[PDB]
Amino acid sequence: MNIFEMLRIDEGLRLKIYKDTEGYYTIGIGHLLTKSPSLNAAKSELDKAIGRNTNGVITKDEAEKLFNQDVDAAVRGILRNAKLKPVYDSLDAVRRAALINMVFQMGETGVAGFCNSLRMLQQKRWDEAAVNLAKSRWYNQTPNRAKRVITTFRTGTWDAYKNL
Ligand SMILES: *SCC1=C(Br)C(C)(C)N(O)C1(C)C
């Protein structure tokens with residue numbers, strides 16, 4: 001397991017524009033296009049992102065290209081953020097993947113707002129951090145995914161992604 005395989009499990013792979021868990025137009029491996037409710041605005045975002053006139057469908061290779069860009073972007077957003085960088089640096093490689101996963105799903109700003117959780121992770125109080133991470137809109141709206149990410153932070157293992 002690694003961050004790409006982990007997010008591929010959590011986000012799936014769909015080659016046609018679809019609505020994510022929040023109702024927002026998305027494509028590929030969890031690539032958010034727009035929060036606009038207009039499908040035409042989502043198709044324009046897709047065409048800009050891929051560099052061609054797509055009308056809403058992409059190839060697997062194109063989905064994987066956006067995914068590489070999005071993982072890179074989540075890591076660089078962590079390292080550019082004064083709240084997230086020190087936490088990332090303090091973690092082992094498995095827990096770093098969990099933090100990348102959360103930033104991929106909810107964005108740099110969203111995760112950096114989890115101050116109490118981030119502090120417990122920096123302190124390596126893993127069970128306390130896990131309890132605290134579950135007290136969130138995130139957990140309530142995507143509980144199975146959040147449980148997998150939280151088990152990853154609690155244990156520093158990939159056990160929640162095994163048999164997936
Ligand atoms: S991370 C939120 C905060 C905590 Br736990 C203490 C240390 C009490 N603070 O002063 C805040 C609000 C920064």
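Position 1 is the first residue of the sequence, and the numbers go up from there. These values consider heavy atoms only, across backbone and side chains, with no hydrogens, waters or symmetry-generated copies. Ligands are counted one by one from 1 in listed order, and the atoms in each one are counted from 1 as well.
Using a 4.0 Å threshold on non-hydrogen atoms, atom 2 (C) of ligand 1 counts as touching the protein. Distance screen at 4.0 Å: atom 10 (O) of ligand 1 has no protein heavy-atom neighbour inside the cut-off.
Under 4.0 Å is where a charged nitrogen must lie from a carboxylate oxygen, and between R52 and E62 at least one such pair does.
Ranking protein heavy atoms by distance to atom 4 (C) of ligand 1, first place goes to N116 OD1, 4.1 Å. Given atom 13 (C) of ligand 1, the protein heavy atom at minimum distance is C115 SG, 4.3 Å.
Judged by distance alone, with hydrogens and angles left aside, the side-chain atoms of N81 form no donor-acceptor pair with the main-chain N or O of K85 at under 3.5 Å. Side-chain atoms of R96 come within 3.5 Å of backbone atoms of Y88 as a donor-acceptor pair (strictly under, hydrogens ignored).
Tested against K16 for a side-chain contact (heavy atoms from CB on, under 4.5 Å), the candidates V57, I27, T54 yield a single pass: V57.
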